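**Student:** Dropping the structure in here first, questions after.
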There are 6 protein chains.
Amino acid sequence: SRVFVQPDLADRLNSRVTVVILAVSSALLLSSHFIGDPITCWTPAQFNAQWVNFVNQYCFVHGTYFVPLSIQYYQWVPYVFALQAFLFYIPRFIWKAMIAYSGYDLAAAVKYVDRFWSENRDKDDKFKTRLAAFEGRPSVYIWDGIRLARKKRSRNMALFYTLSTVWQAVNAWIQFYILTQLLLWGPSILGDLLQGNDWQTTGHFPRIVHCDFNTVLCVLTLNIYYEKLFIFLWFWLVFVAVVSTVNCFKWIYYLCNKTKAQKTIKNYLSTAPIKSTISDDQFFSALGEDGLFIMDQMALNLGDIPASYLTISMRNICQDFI
Amino acid sequence: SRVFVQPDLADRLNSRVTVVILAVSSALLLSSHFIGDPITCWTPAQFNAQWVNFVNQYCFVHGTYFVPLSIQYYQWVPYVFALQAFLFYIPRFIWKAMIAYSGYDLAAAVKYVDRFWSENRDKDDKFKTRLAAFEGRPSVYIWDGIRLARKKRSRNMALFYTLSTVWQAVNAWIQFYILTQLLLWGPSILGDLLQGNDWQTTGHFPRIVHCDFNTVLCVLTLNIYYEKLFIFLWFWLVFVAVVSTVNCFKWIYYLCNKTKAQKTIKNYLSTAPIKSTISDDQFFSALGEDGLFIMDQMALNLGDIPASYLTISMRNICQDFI
Amino acid sequence: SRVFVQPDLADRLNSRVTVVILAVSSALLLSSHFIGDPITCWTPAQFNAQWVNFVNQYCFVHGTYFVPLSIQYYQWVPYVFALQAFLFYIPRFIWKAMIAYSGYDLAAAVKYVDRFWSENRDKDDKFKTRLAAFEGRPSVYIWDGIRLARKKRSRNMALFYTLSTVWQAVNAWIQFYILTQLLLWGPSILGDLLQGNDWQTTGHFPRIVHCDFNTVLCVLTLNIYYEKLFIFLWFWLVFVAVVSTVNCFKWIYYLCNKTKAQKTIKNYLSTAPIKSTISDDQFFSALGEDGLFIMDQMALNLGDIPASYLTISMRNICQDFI
Amino acid sequence: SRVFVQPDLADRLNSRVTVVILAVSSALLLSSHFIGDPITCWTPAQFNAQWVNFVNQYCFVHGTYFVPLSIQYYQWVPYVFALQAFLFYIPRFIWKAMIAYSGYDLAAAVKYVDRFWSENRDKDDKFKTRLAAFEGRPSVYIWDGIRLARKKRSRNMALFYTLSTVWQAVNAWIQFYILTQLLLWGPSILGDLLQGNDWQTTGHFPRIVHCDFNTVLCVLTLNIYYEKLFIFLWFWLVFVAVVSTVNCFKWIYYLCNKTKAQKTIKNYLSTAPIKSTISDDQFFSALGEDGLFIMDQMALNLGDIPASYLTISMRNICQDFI
Amino acid sequence: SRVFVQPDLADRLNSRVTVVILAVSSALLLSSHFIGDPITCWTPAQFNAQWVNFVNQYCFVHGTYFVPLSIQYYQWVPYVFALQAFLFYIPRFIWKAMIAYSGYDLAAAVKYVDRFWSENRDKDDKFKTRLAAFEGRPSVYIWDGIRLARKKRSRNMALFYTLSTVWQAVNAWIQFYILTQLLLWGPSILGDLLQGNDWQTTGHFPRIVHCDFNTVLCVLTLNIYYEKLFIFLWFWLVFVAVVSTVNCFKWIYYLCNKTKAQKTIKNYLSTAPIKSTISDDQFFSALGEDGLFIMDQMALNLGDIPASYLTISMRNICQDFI
Amino acid sequence: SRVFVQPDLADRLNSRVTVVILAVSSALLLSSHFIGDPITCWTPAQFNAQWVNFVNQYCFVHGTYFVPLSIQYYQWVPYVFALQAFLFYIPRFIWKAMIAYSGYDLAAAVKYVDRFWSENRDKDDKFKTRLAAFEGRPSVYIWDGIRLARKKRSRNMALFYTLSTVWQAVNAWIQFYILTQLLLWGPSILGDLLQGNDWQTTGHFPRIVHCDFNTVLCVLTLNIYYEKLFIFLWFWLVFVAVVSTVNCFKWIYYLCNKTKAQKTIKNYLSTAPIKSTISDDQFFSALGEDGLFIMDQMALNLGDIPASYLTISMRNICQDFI
């Protein structure tokens with residue numbers, strides 16, 4: 001599994017890059033406020049190089065307030081980020097478990113046809129009898145997979161995929177809303193920032209805060225990297241959520257129509273110069289349950305030509321049912 | 001053994017990832033409070049850079065109390081975690097020892113059929129005579145294993161597997177309960193935390209504690225990583241325990257039924273276009289004791305197609321008993 | 001994808017080198033003002049090695065003014081640079097997504113013909129029957145790609161490419177304008193610098209600034225690397241924008257003419273000593289929709305000879321339409 | 001030797017893991033109290049950063065006493081541990097020397113048959129004539145080894161193995177007893193620890209001890225890792241001793257019975273469809289002296305099938321004596 | 001491109017070594033005055049280890065004057081050097097772009113004939129029919145390149161090469177003049193240095209300078225590496241400029257003569273014992289436009305023998321025009 | 001030589017492991033008292049961080065005395081150990097030189113027959129004609145070596161080997177005695193240590209010594225590693241000496257008997273089913289001078305089976321003398 005099952009949908013690797021970017025940010029913030037110094041302080045009488053080395057930690061863990069010329073989110077962001085990264089990685093595992101429970105095995109079939117194509121795409125002798133090759137080796141494997149899956153909890157694989165996509169969209173929107181509930185709705189802070197009010201007057205996100213100690217004037221270095229990060233993370237999260245919602249609506253419309261869903265297969269079926277006996281309708285009657293989604297996956301993953309060859313070879317041996 | 005016997009059940013690698021995560025946490029805590037400084041102190045008169053370098057260790061090993069505006073678990077968590085990791089790794093060793101005492105050898109058989117399939121899955125000449133290949137090389141190996149094991153303490157392998165799973169579930173629940181007995185039942189601390197009472201008022205998990213010394217006001221840095229860790233470890237342990245209990249009940253129901261246990265084999269047996277002589281009942285009468293579990297393992301490990309081929313070839317040579 | 005789809009247009013790798021240079025500059029500035037010291041200060045009474053270690057950060061985050069014998073852009077440049085680098089990388093992703101939505105697959109076809117040529121360019125036996133080889137193996141692949149793409153949202157691929165180039169040009173000009181709106185129009189600062197007014201009199205870009213603190217005279221080391229960088233970045237950005245605009249106008253003129261667009265193909269078609277049956281016009285009538293752009297890509301990527309061979313072999317089997 | 005003779009009995013690698021764990025503990029303790037600081041002290045008047053750098057070593061080498069609100073074992077444990085590790089490694093060398101003096105060579109024979117099996121386990125042509133292969137190449141090697149050893153101090157190899165196992169058990173129990181004589185019998189300290197008496201009242205294992213110096217109050221950091229180590233080492237040593245004693249009694253019962261010792265061979269001999277001429281008794285009369293133990297070793301090391309094949313081929317050529 | 005197009009003219013790698021040496025010098029100077037200390041100062045009253053750590057940077061960025069017993073070029077040399085290195089690398093890119101726009105592809109042809117020669121230079125069977133081999137495989141490739149280039153903006157390739165060389169010479173002289181305008185014309189400073197006036201009396205290039213500060217006597221360490229570098233850089237730049245000008249005049253004379261330009265080809269044509277039909281004049285009439293320069297490149301790059309073989313084989317198939 | 005002649009007698013690699021352990025100890029002691037601090041001192045008035053940094057070296061090189069509540073061996077042990085390691089490595093070189101002067105070459109012959117066996121031990125076709133193979137290739141090499149050596153100072157090789165072993169035993173005993181003459185005969189110090197007198201009362205091996213300086217109380221850290229090392233080195237040296245003496249007496253008895261020395265050869269000669277013509281006595285009369293020792297070496301190095309095959313093949317061609 002770790003070799004091949006663990007390791008390309010159009011704009012689904014956005015979950016992978018999301019996990020990557022959020023984990024990088026979280027781990028870098030941990031490294032910053034655990035290796036370097038996140039805060040500094042200044043008691044305007046005198047130090048001993050060990051006063052400040054304690055007042056730093058004190059004023060860090062204790063609360064700090066700010067006043068222009070005890071509010072802090074230091075204790076949640078670099079951990080809610082790791083939690084968010086884990087929640088972004090969840091949906092891929094959900095989809096894998098769903099395809100495992102469905103009964104069929106799609107990853108292995110894609111890898112098999114991919115290896116077949118990458119192997120005999122260059123053999124000159126095995127290129128004129130190309131359709132013969134495709135109906136010979138891999139087509140039987142795909143058909144046996146279809147046959148075995150048809151009798152075990154696999155008649156609505158597309159429904160499981162659409163549910164996975166719905167969960168992905170809901171998860172992205174929930175992550176964005178969670179980011180919103182950790183302080184100001186974006187363009188508000190940008191307007192207060194673009195018109196020239198950085199923090200002196202607008203108040204929020206301070207960088208020179210006082211400290212209670214029984215006039216300590218502590219400066220929050222690492223804070224300057226938080227409102228250089230949220231301004232980008234907000235935009236990028238809303239973009240990811242929008243693209244995921246668009247993909248979700250696309251797959252919903254695909255599932256609920258089933259009429260223009262066979263557009264690609266009906267297109268592929270009109271290329272080979274054979275058109276021998278099997279009508280268009282009975283091919284679907286034998287395959288339309290699940291094999292439609294699998295052929296669409298082969299097309300969306302391998303490409304178009306090696307998928308057209310496969311789906312036009314599969315007609316020539318389609319006799320298990322009709 | 002270290003090459004092949006030492007190195008994929010659905011949601012059993014949760015024990016492996018459990019050992020990994022707990023060992024990482026424990027070793028990182030040891031490294032923190034053994035390389036970096038875990039504590040800091042402040043006597044509000046004067047230091048000499050060697051006062052604090054002793055009061056740190058003193059107030060660490062000695063007890064510390066806390067009062068709002070000698071309780072500590074520093075000395076057990078980073079070691080009970082390693083003990084828990086070892087106890088999570090135990091059940092895999094128990095299962096290996098049980099399969100060794102059973103008499104049969106399952107890992108080697110799985111590896112053999114896996115190598116056979118991975119080797120001759122691509123040979124074009126050895127793909128039409130596919131059933132012949134499977135009934136030729138590996139089927140005889142599986143049958144000889146069955147025959148040798150049938151006469152040595154191997155008639156109830158499924159019972160040993162179910163006992164291993166029961167032990168896994170009991171172990172997970174005991175680990176969770178052990179985590180509970182080291183201080184507040186989860187959602188209680190979360191509610192006291194989500195409504196905005198971090199530690200100032202709620203008391204437990206302090207970060208600014210006093211110290212007896214014959215007003216030392218020591219700060220516990222590393223404590224901030226403990227209630228950022230338990231909040232996650234509780235959820236994750238209860239999830240692992242729940243999934244293990246579900247798997248346990250599944251295997252119990254499998255063992256006690258034996259009627260719908262042959263569903264997969266009865267399904268596979270209805271695919272090949274041979275159906276020559278051997279009735280369905282006598283195949284089971286020759287195999288149903290142990291080979292059922294072994295075929296289920298081959299299916300749950302190799303996949304479905306290379307398991308169907310194997311179990312439909314094994315009928316064609318099933319003559320040792322009937 | 002990460003192996004082959006993710007990885008040579010004439011002066012488009014200027015976007016790649018742009019991303020490289022801007023990311024290097026931004027990351028080096030972050031490393032400088034996060035590892036080394038970016039600023040220094042001097043209160044002309046006395047220090048304690050911890051005064052300055054706080055006044056540095058204070059005067060850094062707080063504003064600083066300058067007077068000859070609170071203005072600073074320290075907080076935006078090293079981040080607007082990373083944003084600019086991301087915006088320079090966007091257009092390549094836009095073009096990839098556009099070619100994916102178009103229906104055809106150009107990268108795989110280029111790689112296939114490239115592998116074919118690099119493989120059998122040296123075989124002596126397969127060099128007299130060279131035209132036979134080209135019309136044999138890869139030409140059929142190209143034609144099948146054409147045929148499959150012709151029936152799926154691919155009749156105006158050149159329009160999508162021209163739109164990608166327009167977006168590239170607009171993006172480059174917007175990046176330059178953004179650089180301009182972060183303070184002086186180039187040659188002005190150069191004239192004030194070439195005639196011998198570095199910063200003492202001209203004022204802007206100071207290096208010895210005062211600081212408010214309730215006469216601190218802080219020196220900005222890292223500032224000396226900013227007006228050694230803008231002077232070059234301005235020139236290089238305007239050069240990149242000019243070359244991109246020239247490329248854009250070239251492709252616009254190409255798309256809108258369509259008469260001298262077939263100049264290269266009409267030239268290639270007059271070399272082989274065959275000229276057997278297919279007139280020049282019907283070849284284009286079968287190919288002129290999309291295959292023109294694909295042949296131009298093969299020529300602009302592979303070279304000229306292996307493209308001429310391909311496009312003169314494709315005539316000998318051009319019969320799918322006429 | 002270092003290549004192959006120097007490098008899998010069931011629960012004998014417990015000696016290897018024992019050596020590993022004890023050597024790790026000992027070397028880590030040496031590194032701790034030789035690189036880091038093991039002790040700290042505090043004279044409550046004043047230091048000079050070189051007082052403590054001498055009082056540390058003084059109070060370390062000199063004795064230290066403890067009193068609640070000159071006893072130390074610092075000088076023996078991290079060396080008795082290395083001595084124990086060496087004494088755990090001894091029995092393997094004893095067994096190797098015993099098998100060398102016995103006359104036969106078992107390791108080379110096991111490696112030879114292992115290489116033979118791993119080589120020709122996959123050859124399809126050399127799989128129908130499988131019994132022929134086994135009686136052909138390796139069986140003659142095993143028989144020649146038997147013949148050469150029969151005339152040189154090798155008639156009671158099992159006795160030497162049983163003596164090695166007796167020595168292993170005695171050594172494990174002696175190591176445990178040695179651990180006991182270095183201060184409290186386990187569960188006593190656990191009860192005094194589980195009921196909540198860490199060291200303040202129970203006294204033993206102090207961490208805040210005084211020091212004679214002509215009120216020094218030295219703290220023993222590294223001591224906190226000793227009673228976090230003995231509590232585990234006691235349990236693990238008693239477990240290793242118990243398992244070794246069980247193995248010893250098993251092999252004693254094996255040697256003294258000789259009746260159910262041939263159970264495995266009598267089982268293997270009833271599988272091949274030959275049963276040609278050689279009775280069961282005369283096979284043992286030719287082999288029962290030493291070859292019984294060697295076949296048991298082949299079974300306990302290679303597995304069961306490649307051992308059954310070997311022992312059923314060895315009958316077909318058993319003619320050197322009868 | 002990065003593999004083969006990006007990677008041997010006689011004394012053109014002087015541009016490569018120029019870029020190397022100037023980039024090394026510039027980067028080493030940056031590393032020196034950014035990692036080590038470039039300056040030191042001494043206020044003859046008292047310091048605090050932080051006075052000097054600020055006066056260093058102050059006196060560095062601010063001006064410094066010198067008086068024997070505010071002039072500085074610290075701020076331009078280590079950057080004008082990088083600019084010069086980039087300007088030395090430009091001409092190679094200009095030549096590559098010119099050969100790309102010309103229409104022909106010279107690098108690929110050179111690499112092809114080089115691979116052909118390096119491959120079949122050792123085959124003994126393919127060494128008697130050597131001329132047959134050369135007129136067989138690579139000659140047709142060269143001729144097809146000639147034919148394709150003849151109809152696309154390629155009739156004056158030598159003119160483009162001569163323009164590239166003129167640009168190289170002008171660039172070298174401009175770089176030298178730029179070095180001169182950054183302060184003394186070479187031998188002047190050498191004479192003032194060889195006769196024994198280092199800097200005490202001659203003044204320029206000081207190493208003990210004063211500093212304004214409201215008698216600071218700062219020493220410029222890194223200055224000692226500047227007049228140990230210019231003295232060599234001047235000589236080496238004038239040498240590079242002279243050799244480039246000589247090469248330029250050589251190529252100008254080559255282009256403008258065209259009579260003794262065919263000396264090498266007329267020499268090669270008088271070696272093979274064939275002299276069959278094609279007169280000397282018509283060969284040139286078919287090739288003299290561009291192929292002359294390409295054959296000269298093959299000779300100047302591959303060597304002489306593998307170029308003579310090629311150019312004497314090309315006559316035997318020269319029939320495309322005459 | 002460095003490849004093969006420079007690189008397995010039973011318990012002769014004890015010299016190799018002896019050199020290893022002594023060199024490790026010596027080099028580690030040098031590293032300790034040359035990198036870390038070996039000593040510490042305390043003048044009970046005041047320091048300046050440079051007093052102690054000189055008194056350390058002074059009191060180290062000068063003598064130190066001890067008194068309970070100028071004796072030192074610091075200057076010899078870590079060098080006498082390296083001398084001892086060299087003297088332990090000597091005997092192997094002596095044996096190599098002796099075998100070189102003897103005339104024969106044993107190492108090359110052993111390596112040759114080893115390579116022959118390791119090569120053709122697995123060939124199935126070359127396994128029935130096994131005796132033919134052995135009498136074919138390597139036997140002639142061994143016989144030619146015998147013949148060439150018989151006429152050059154090689155008739156008493158066993159005498160040279162026995163002398164080498166006598167020298168080894170004498171060297172081991174001399175090394176042990178040298179260890180004894182560097183201060184208490186072992187069990188004396190152990191008894192004074194086991195009954196509980198570490199150094200306070202027993203005196204020898206002090207760790208808190210005074211120092212003359214014109215009451216310095218210096219502590220000898222590294223001393224604690226000397227009486228943790230001698231206690232083990234004494235036991236291990238006496239064990240090595242005993243085993244070497246036993247081996248020496250064994251080889252003496254072997255040389256002086258010559259009757260039961262041919263026991264192994266007389267045993268091997270009674271296995272092959274040939275016994276054709278050559279009597280037992282004449283084989284020895286042709287070989288008994290030197291070849292006896294060489295066959296014993298082949299047996300003690302290669303194993304028993306490949307030595308039996310060789311010595312039974314050598315009879316079938318033994319005709320050079322009789």
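Just remember, in the structure tokens the first chain shown is A, the second B, etc., residues are 1-based per chain, and ligands are 1-based in the order shown.
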Can you pull out the residues contacting stretch 146-158 of chain C? Cut-off 7 Å, using only C-alpha atoms, and skip same-chain residues under 3 positions away; I want them as a short mmCIF file (atom, residue, chain, number, x, y, z; two decimals) with C-alpha atoms, in the first residue's frame.
**Tutor:**
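In the end it all went to out.cif:
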data_model
loop_
_atom_site.label_atom_id
_atom_site.label_comp_id
_atom_site.auth_asym_id
_atom_site.auth_seq_id
_atom_site.Cartn_x
_atom_site.Cartn_y
_atom_site.Cartn_z
CA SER C 102 -9.29 22.27 -24.85
CA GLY C 103 -9.49 18.49 -25.14
CA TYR C 104 -6.25 17.73 -26.94
CA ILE C 142 -0.59 12.33 -34.00
CA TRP C 143 -3.51 11.66 -36.34
CA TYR C 161 -2.88 30.10 -26.75
CA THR C 162 -3.22 33.73 -27.85
CA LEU C 255 -3.86 34.27 -35.46
CA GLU C 289 -8.24 23.72 -37.95
CA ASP C 290 -5.93 22.58 -35.13
CA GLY C 291 -3.10 20.47 -36.56
CA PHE C 293 -0.78 24.88 -34.39
#
**Student:** Give the strand (DSSP E) residues of stretch 13-224 of chain A, as assigned by DSSP on the backbone, as an MDAnalysis selection string.
**Tutor:** chainID A and resid 39:40 208:209 218:220
**Student:** Please report, as number ranges by chain, each residue of stretch 58-210 of chain C to which DSSP assigns alpha helix (DSSP H) when run on this structure's backbone.
**Tutor:** C: 58-61, 77-102, 106-120, 130-136, 138-150, 157-180, 187-194
**Student:** Which residues come within 12 Å of residue E:267, counting only C-alpha atoms, excluding same-chain residues fewer than 3 positions away, as number ranges by chain?
**Tutor:** E: 260-264, 270-272, 280, 304, 307-308, 311-312
**Student:** Could you name the residues that touch stretch 186-199 of chain B at 9 Å or less, counting only C-alpha atoms, but leaving out those on the same chain fewer than 4 positions away, as an mmCIF file with N, CA, C and O atoms, in the first residue's frame?
**Tutor:**
data_model
loop_
_atom_site.group_PDB
_atom_site.id
_atom_site.type_symbol
_atom_site.label_atom_id
_atom_site.label_comp_id
_atom_site.auth_asym_id
_atom_site.auth_seq_id
_atom_site.Cartn_x
_atom_site.Cartn_y
_atom_site.Cartn_z
ATOM 1 N N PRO B 68 -4.399 31.066 42.304
ATOM 2 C CA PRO B 68 -4.868 32.083 41.354
ATOM 3 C C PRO B 68 -4.607 33.499 41.841
ATOM 4 O O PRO B 68 -4.046 33.702 42.921
ATOM 5 N N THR B 180 -7.041 8.074 30.985
ATOM 6 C CA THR B 180 -8.026 8.791 31.789
ATOM 7 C C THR B 180 -7.581 8.916 33.241
ATOM 8 O O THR B 180 -7.858 9.928 33.894
ATOM 9 N N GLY B 203 -7.976 26.840 37.074
ATOM 10 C CA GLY B 203 -6.996 26.275 37.978
ATOM 11 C C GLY B 203 -6.114 25.197 37.386
ATOM 12 O O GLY B 203 -4.899 25.382 37.280
ATOM 13 N N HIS B 204 -6.699 24.063 37.010
ATOM 14 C CA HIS B 204 -5.904 22.931 36.563
ATOM 15 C C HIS B 204 -5.085 23.305 35.329
ATOM 16 O O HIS B 204 -5.440 24.207 34.562
ATOM 17 N N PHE B 205 -3.982 22.575 35.136
ATOM 18 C CA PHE B 205 -2.964 22.901 34.140
ATOM 19 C C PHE B 205 -2.503 24.339 34.350
ATOM 20 O O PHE B 205 -2.923 25.250 33.624
ATOM 21 N N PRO B 206 -1.701 24.592 35.374
ATOM 22 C CA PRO B 206 -1.147 25.931 35.568
ATOM 23 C C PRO B 206 0.080 26.137 34.689
ATOM 24 O O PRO B 206 0.653 25.197 34.139
ATOM 25 N N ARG B 207 0.457 27.408 34.544
ATOM 26 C CA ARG B 207 1.676 27.790 33.846
ATOM 27 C C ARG B 207 2.506 28.810 34.606
ATOM 28 O O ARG B 207 3.635 29.090 34.190
ATOM 29 N N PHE B 230 -2.991 16.454 25.126
ATOM 30 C CA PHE B 230 -4.033 15.582 25.658
ATOM 31 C C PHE B 230 -5.348 15.788 24.924
ATOM 32 O O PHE B 230 -6.085 14.828 24.674
ATOM 33 N N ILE B 231 -5.660 17.039 24.576
ATOM 34 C CA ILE B 231 -6.921 17.346 23.906
ATOM 35 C C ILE B 231 -7.039 16.586 22.597
ATOM 36 O O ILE B 231 -8.143 16.222 22.176
ATOM 37 N N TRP B 234 -6.762 12.277 23.489
ATOM 38 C CA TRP B 234 -8.013 11.696 23.966
ATOM 39 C C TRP B 234 -8.925 11.330 22.802
ATOM 40 O O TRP B 234 -9.400 10.190 22.698
ATOM 41 N N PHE B 235 -9.181 12.294 21.913
ATOM 42 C CA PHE B 235 -10.006 12.034 20.741
ATOM 43 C C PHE B 235 -9.439 10.892 19.911
ATOM 44 O O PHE B 235 -10.173 9.987 19.490
#
